[PDB]
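# Understanding the architecture of this molecule
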Number of protein chains: 6
Amino acid sequence: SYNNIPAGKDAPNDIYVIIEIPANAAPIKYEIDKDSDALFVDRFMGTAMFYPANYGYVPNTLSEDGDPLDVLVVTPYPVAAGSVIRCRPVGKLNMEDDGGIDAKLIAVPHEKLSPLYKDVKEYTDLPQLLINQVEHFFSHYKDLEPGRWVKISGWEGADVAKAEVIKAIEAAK
Amino acid sequence: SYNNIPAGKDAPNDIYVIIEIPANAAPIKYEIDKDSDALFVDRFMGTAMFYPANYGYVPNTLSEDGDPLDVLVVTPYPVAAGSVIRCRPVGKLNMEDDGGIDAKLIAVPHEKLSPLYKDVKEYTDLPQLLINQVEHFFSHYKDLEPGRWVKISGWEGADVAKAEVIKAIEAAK
Amino acid sequence: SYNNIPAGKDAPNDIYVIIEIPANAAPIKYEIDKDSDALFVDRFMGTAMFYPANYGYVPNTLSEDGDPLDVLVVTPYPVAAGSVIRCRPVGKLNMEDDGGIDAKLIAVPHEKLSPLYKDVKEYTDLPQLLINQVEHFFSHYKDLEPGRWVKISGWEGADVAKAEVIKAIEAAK
Amino acid sequence: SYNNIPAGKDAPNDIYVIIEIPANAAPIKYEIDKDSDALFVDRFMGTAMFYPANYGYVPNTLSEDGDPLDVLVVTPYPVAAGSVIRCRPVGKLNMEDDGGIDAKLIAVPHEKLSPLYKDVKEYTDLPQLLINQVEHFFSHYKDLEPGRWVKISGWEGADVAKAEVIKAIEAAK
Amino acid sequence: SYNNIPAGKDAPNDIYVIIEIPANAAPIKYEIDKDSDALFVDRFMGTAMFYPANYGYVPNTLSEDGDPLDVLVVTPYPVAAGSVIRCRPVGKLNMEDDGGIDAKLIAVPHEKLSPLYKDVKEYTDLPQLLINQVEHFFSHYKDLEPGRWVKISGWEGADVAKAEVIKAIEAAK
Amino acid sequence: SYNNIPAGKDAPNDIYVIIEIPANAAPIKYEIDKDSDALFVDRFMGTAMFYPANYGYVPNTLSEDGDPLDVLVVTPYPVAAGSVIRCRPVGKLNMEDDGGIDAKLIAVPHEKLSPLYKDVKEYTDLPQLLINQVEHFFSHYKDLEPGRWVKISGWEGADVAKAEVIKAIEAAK
Ligand SMILES: [Mg+2]
Ligand SMILES: [Mg+2]
Ligand SMILES: [Mg+2]
Ligand SMILES: [Mg+2]
Ligand SMILES: [Mg+2]
Ligand SMILES: [Mg+2]
Ligand SMILES: [Mg+2]
Ligand SMILES: [Mg+2]
Ligand SMILES: [Mg+2]
Ligand SMILES: [Mg+2]
Ligand SMILES: [Mg+2]
Ligand SMILES: [Mg+2]
Ligand SMILES: [Mg+2]
Ligand SMILES: [Mg+2]
Ligand SMILES: [Mg+2]
Ligand SMILES: [Mg+2]
Ligand SMILES: [Mg+2]
Ligand SMILES: [Mg+2]
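If you check the PDB entry, chain A appears there as Inorganic pyrophosphatase from Acinetobacter baumannii.

Put into structure tokens, the structure is as follows:
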């Protein structure tokens, strides 16, 4: 099962993220069910938008909302829902949503998977438009769903993002 | 495993369906294997047709033929093979095929997943062309495979479909 | 060439729209060039959004910005960029953008192309969520491009939309 | 324009086919308009089926019904709508439909485009399942559209198909 | 889990292959993890190439590199990553890579899945171009990853391939 | 027609490229026919490879092989075959093939189309793996076609690439 996957081979610089929603996918919000490891349709999203990067979570972590830590992973090609990417965090997007505090990390593939991100040490080393697209997506993707909303606080860098991994690993143990 | 998913949160009005074949997919007839939870290729379909709705089954149900209850689920976008949709039955298509009695329910997503089906209470509230496409698909998709065949009896409404769910949940106990 | 296509077989109830951008497509903003009939990439759009309906124009019309009249066409499947669809207007979305007044019509296919829209006489007969998605898309698709913006005024019905077609046809003569 | 393309480099053994509908495409029945060269949506097809081969016509041919000769082209990958394939006829499917006589040729790519068809000299050298799929598609794809219908007479071989090309090239002069 | 799937219903003539990479897919090299059954991204491949057949392994086998036996499966349509296909071996491609001896079998679906391969008894009954594409892919897909390389020895037939299946099954006990 | 499109609004820093083959497309080598403006299938390519960037030509130019100048354009999303991209050259790949000298440019979208490439002044500002993928593709894509082959000479920078545009513009006038 997914719970047999550690949070990382060497956290926080070498972690695993289980993908729930591929980048550039149809507007279906999938979530993995802890009790079955199965991909559930949480909802069909209301706006004409798509997640700008692959979206999932670090196994064996615990965030403030009670679920594993949320991570977006930038990849050269969208990966299959349910697949697992070895990656490295480069930034943290601080937000609050209708349910409470909701920070999410952004990460890039580990060097063993690709050389493309070797020089991406901070989220500011990704394309500025991509960073803006990520923030704009979370700012607006709940606009057509009543009772759902997002407040953006802002971005923090790779040191804070790596800290967040450690926090969530320690919270689960 | 899939067997940890209940038949529904509040059956028969609120059920779960595990999808084997997405709507509008390539002509590969996948089936989930009970003893591995794995998606098997049952066959490559012989006709140039596609399933007009997502196709799957209700976990923890048992029909009189020893398999879970079959369900077609209408969705605004096709859902991934192996994913699970919370939905609501609105009708039943009575058929017999080369394997015996073969009724299949038709369902729409629960209102928590989409607002688009709030007025669909009976299968006759779906577009008539879609109902005709479902009937036509099952009447013909086996035409080019030796020894496979379908007889269509007709449709029944939401109350009959809900009673079928109750009966199949009972049988699994 | 495209200019041999009339504005309609029986405008304004029966018109042709040349599609530039398919519904649900990648964020490439194509525009057909008057001087060559060729599809140009006007831009790669800045936001993680998609046109919620097929987007194009009525040939042999002239709208307020000097170009043919803009029309969104709802279809059961997205139609290819550069293809031509026989359709019928059911509404008008009034907007202003960074270039000036920018109304766009919304239309559904002629009954010879699909039976699915026979009961759609006004834009309010389309799904409310789709109407909201169209408004939300135009409100936000320029959010990440400096100097580009949109202000929505509101909708008008089929009779107003049909009068806009007549106005743009006569303005071209 | 398309009318500048000859019927072939060396007809009837070496012909050109302009594709209207790719193999395995969405159920949109496109047709090229003679007076604009533009791809029109003739209709959205009513059944859950797809064309099993690429479908188009030979330019600068004229059958006795006033339209160019129809050709299905088998290719290793589906080709884009509006593109032109150099190919070689290997058979003829005789049909009558709601519009009158409706024979369609079947062809394979010229050896300069692919080595995969060197041993396909007759339509019976193609996979039997594919031949059956073509027949089944035309027998059923109009089933859900009022007033549309097909009668299938049977197949003829490559020599008959080649004579049909010669006859249709003659008629266009 | 996957390990409940036997190596075959009647090995070596009738085997199961769990697919990791679909034919003609994006250049994502998935591998199933033994400890979790989950699909991991091993890497994003460096070259602009795709696997010419579906790629996976036989469960409950052990090959020379300590992992289950590798098999390519030719299918009429690419099958999803993680799905399981009943097939039959027809050849063996002998290679050495940067990790050591690396033979891979090639197989076609069982006749219950498709009639299209009934006459394919040896790998030489597949299209020569496909065999060449498989050799060329393995010869070059690692060309842009330093430290990864492949040397091709050549092919052996179905009887040798079937003996390799028996060898890997017994080696797992 | 395409010939109404100038080589650029302000060559060599602001040019138009007509795309024949989208990035990451199926292995179909399309070429636009000068006499009809139609997209022809030149061949189905022999190797399991794909063009790593969109491929096409500058209208109203003349290269040493007698045809308009060949250009690859890097884009965030593959563009439709036959569409036209406003772009700017950043490098030149010198090659000779079975027909003679065969240099090709690489370009990025003009700033009016996207901000993503503002800092890409030279081909060495693109990802090194992408540059290697382009060279590797041309080195190998003819490996399975007899009589077709490529010799790589090497890359030159943006100043030489801009020169090549001017050379080919002047050659056509
Ligand atoms: Mg969360
Ligand atoms: Mg979550
Ligand atoms: Mg949230
Ligand atoms: Mg089943
Ligand atoms: Mg069943
Ligand atoms: Mg059945
Ligand atoms: Mg406009
Ligand atoms: Mg416009
Ligand atoms: Mg505007
Ligand atoms: Mg036609
Ligand atoms: Mg015809
Ligand atoms: Mg007909
Ligand atoms: Mg191996
Ligand atoms: Mg392996
Ligand atoms: Mg290897
Ligand atoms: Mg050239
Ligand atoms: Mg060329
Ligand atoms: Mg060349």
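The structure having been displayed, the exposition proceeds.
On to the overall build of chain A. Helix and strand counts for chain A come out as two helices and nine strands. Each helix and strand of chain A, ordered N terminal to C terminal, gives the series β-β-β-β-β-β-β-β-α-β-α. For 173 residues, the compact-globule estimate of 2.2 N^0.38 gives 16 Å, and the C-alpha radius of gyration of chain A, at 15 Å, lies within 12% of that figure. If one aligns the C-alpha atoms of chain A with their principal axes, the spans along those axes are about 40 × 40 × 30 Å. Long-range contacts, defined here as pairs at least 24 residues apart, represent 66% of the contacts in chain A between residues at least 6 apart.

Attention shifts here to the interface of chain C and chain B. Across the boundary between the two partners, chain C contributes seven residues, which contact seven residues of chain B. With both chains or domains summed, chain C and chain B bury close to 440 Å², and 72% of this area falls on carbon and sulfur atoms. If you sort the residues of chain C by the area they bury against chain B, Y77, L116 and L129 of chain C come out on top, with a joint share of 64%. The interface formed by chain C and chain B includes two residue pairs in polar contact. In the side of chain C that touches chain B, the residues fall into six nonpolar, one polar and no charged.

At the junction of the two partners, chain B supplies 19 residues and chain A supplies 13 residues. In total, about 1100 Å² of surface goes out of reach between chain B and chain A, with carbon and sulfur atoms giving 71% of it. Of all residues in chain B, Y77, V84 and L113 of chain B bury the most surface against chain A, accounting for 42% of the area lost on that side. Across the contact surface, chain B and chain A share zero salt bridges. Where chain B meets chain A, there are four residue pairs in polar contact. For the side of chain B that touches chain A, the class distribution of residues is 12 nonpolar, six polar and one charged.

The next point concerns the relation of the copies chain B and chain A. The two copies are related by a screw motion: chain B maps onto chain A through a turn of 121 degrees and a shift of 0.1 Å along the axis, at an RMSD of 0.4 Å. Considering both components of the superposition, the chain copies are consistent with a three-fold axis. Among all residues of chain B, the one whose C-alpha sits closest to the rotation axis is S1 of chain B, at a distance of 4.8 Å.

All names here are of chain E. When you line up the elements, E164 lands in helix α2 (residues 158–171). Residue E164 is classed as buried on the basis of its relative accessible area of 10%. Ignoring anything within four residues of it in the chain, the contact list for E164 reads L69, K92 and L105.

This part is about the coordination of the magnesium ion (ligand 9). All names here are of chain C. At this site the magnesium ion (ligand 9) is bound by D97 (OD) and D102 (OD), with donor distances of 2.3 to 2.4 Å. Metal-to-metal, the separation of the magnesium ion (ligand 9) and the magnesium ion (ligand 7) is 5.1 Å. The buried category is assigned to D97, whose relative accessible area is 12%. Overall, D102 belongs to the buried group, its relative accessible area being 10%.

Moving on to the relation of the copies chain C and chain B. Superposition of chain C onto chain B requires a rotation of 179 degrees combined with a translation of 0.0 Å along the rotation axis, giving an RMSD of 0.3 Å. Taken together, the rotation and translation relating the two chain copies correspond to the operation of a two-fold axis. Mapped onto chain B, 100% of the interface residues of chain C are again interface residues, and the two copies thus contact each other with one and the same surface.

Omega for the bond connecting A11 of chain A with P12 of chain A falls within 30 degrees of zero, at 5 degrees, which places this linkage in the cis form. Within the element layout of this structure, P12 of chain A appears in the segment before β1 (15–21). For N24 of chain D, which is not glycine, the phi dihedral falls at a positive 65 degrees. Residue placement: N24 of chain D occurs in the loop between β1 (15–21) and β2 (28–32). With relative accessibility at 35%, the residue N24 of chain D sits in the partly exposed group. In this structure, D37 of chain E is a non-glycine residue whose phi angle is positive, near 65 degrees. Assignment of secondary structure puts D37 of chain E in the loop between β2 (28–32) and β3 (39–44). A relative accessible area of 22% places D37 of chain E in the partly exposed class.

Moving on, we get to the arrangement of the chains. Between chain C and chain E there is no contact; the minimum C-alpha to C-alpha separation amounts to 17 Å. The smallest C-alpha distance separating chain B from chain F is 17 Å, and no contact links them.

With that settled, the discussion passes to the packing of aromatic side chains. Here the structure, examined in full by the defined rule, presents 56 aromatic pairs over all chains. Their ring planes at 80 degrees and their centres at 5.3 Å tell us that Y16 of chain A and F40 of chain E sit as a pair that is edge-to-face. Highlighted residues: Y16 of chain A in strand β1 and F40 of chain E in strand β3, drawn from two different chains. Just as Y16 of chain A is buried, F40 of chain E falls in that class too. Ring centres of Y123 of chain F and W155 of chain F lie 4.9 Å apart, and the angle between their planes is 10 degrees; this geometry places the pair in the stacked category. A residue pair is termed long-range when its members are at least 10 positions apart, and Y123 of chain F in the loop between β8 (104–109) and α1 (128–140) and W155 of chain F in strand β9 (residues 150–156) qualify at 32 residues. With respect to class, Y123 of chain F is no different from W155 of chain F; both count as buried. Among the aromatic side chains, those forming a connected cluster through ring pairs are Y51, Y55, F137, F138 and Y141 of chain A. Just above the ring of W149 of chain C sits the side chain of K151 of chain C; from NZ or CZ to the centre is 5.4 Å.

The next subject is the pattern of salt bridges. According to the stated counting rule, one finds 78 salt bridges over all chains in the structure shown. Close ionic contact of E164 of chain B with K92 of chain B constitutes a salt bridge, the shortest N to O distance being 3.8 Å. Taken as a pair, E164 of chain B in helix α2 (residues 158–171) and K92 of chain B in strand β6 (residues 84–97) lie far apart in primary sequence, 72 residues in all. Assigned by exposure class, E164 of chain B and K92 of chain B land together as buried. Its salt-bridge partner being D98 of chain D, residue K142 of chain D comes within 2.9 Å of it at the nearest N-O pair. Here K142 of chain D, found in the loop between α1 (128–140) and β9 (150–156), pairs with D98 of chain D, found in the loop between β6 (84–97) and β7 (100–101); they are 44 residues apart in sequence, far enough to count as distant. Connected through shared salt-bridge partners, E64, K92, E156, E164 and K167 of chain C make up one network.

This paragraph deals with the side chain of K29 of chain D. Residues and elements named next belong to chain D. With respect to the helices and strands, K29 occurs in strand β2. At 2.7 Å, the side chain of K29 forms a polar contact with the side chain of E31. Apart from residues lying up to four places away in sequence, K29 is in contact with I21, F40, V41, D42, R43, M45, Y51 and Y55.

Residues and elements named next belong to chain F. Of all six residues in β8, six are buried, a share of seventy percent or more. With three bridges joining them, strand β5 (residues 70–73) and β8 adopt parallel strand pairing. Bridging from a neighbouring strand, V73 pairs with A107 of β8.

Residues and elements named next belong to chain F. Each C-alpha atom, one on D37 and one on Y2, is 6.7 Å from the other, the two residues being 35 residues apart in sequence. Beyond its immediate sequence surroundings of up to four residues, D37 is in contact with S1, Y2, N3 and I32. A polar contact of 2.7 Å, which involves the side chain of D37, links it to the backbone nitrogen of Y2.

Let us now look at helix α1 (residues 128–140) of chain B. End to end, α1 of chain B covers 18 Å across 13 residues, agreeing with the expected 18 Å (1.5 Å per residue, within 8%). Buried residues of α1 of chain B: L129, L130, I131, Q133, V134, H136, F137, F138 and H140 of chain B, and no others. Check the buried side of α1 of chain B and you find it contacts β5 (70–73), β6, β8 (104–109) and β9 (150–156) of chain B together with α1 of chain D.

Each value, and the rule that gives it
Residues numbered from 1 in each chain as written, not as in the entry; some residues may be left out. Chains lettered and ligands numbered in written order. Heavy atoms only, no water. Residues with missing side-chain atoms left out of burial classes, pairs and counts. Helix = DSSP H or I, 4+ residues; strand = E, 2+ residues; numbered from the N terminus. Rg over C-alpha atoms; globule rule 2.2 N^0.38 Å. Contact = heavy atoms within 4.5 Å. Buried area = accessible area lost by both parts, 1.4 Å probe. Polar contact = N/O pair within 3.5 Å; in protein donor to acceptor, adjacent residues only side chain to side chain. Nonpolar A, V, L, I, M, F, W, Y, C, P; charged D, E, K, R; others polar. Salt bridge = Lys/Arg side-chain N within 4 Å of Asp/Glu carboxyl O. Least-squares fit on C-alpha atoms. Buried < 20%, exposed > 50% of the residue type's maximum accessible area, 1.4 Å probe, protein only. Donors = N, O, S within 2.8 Å, 3.2 Å for Na, K, Ca; no water. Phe/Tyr/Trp six-rings, centres within 6.5 Å; stacked < 30°, edge-to-face > 60°. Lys NZ or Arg CZ within 6 Å of the ring centre and 35° of its normal. Pairing = 2+ DSSP bridges. Expected span 1.5 Å × (residues − 1).

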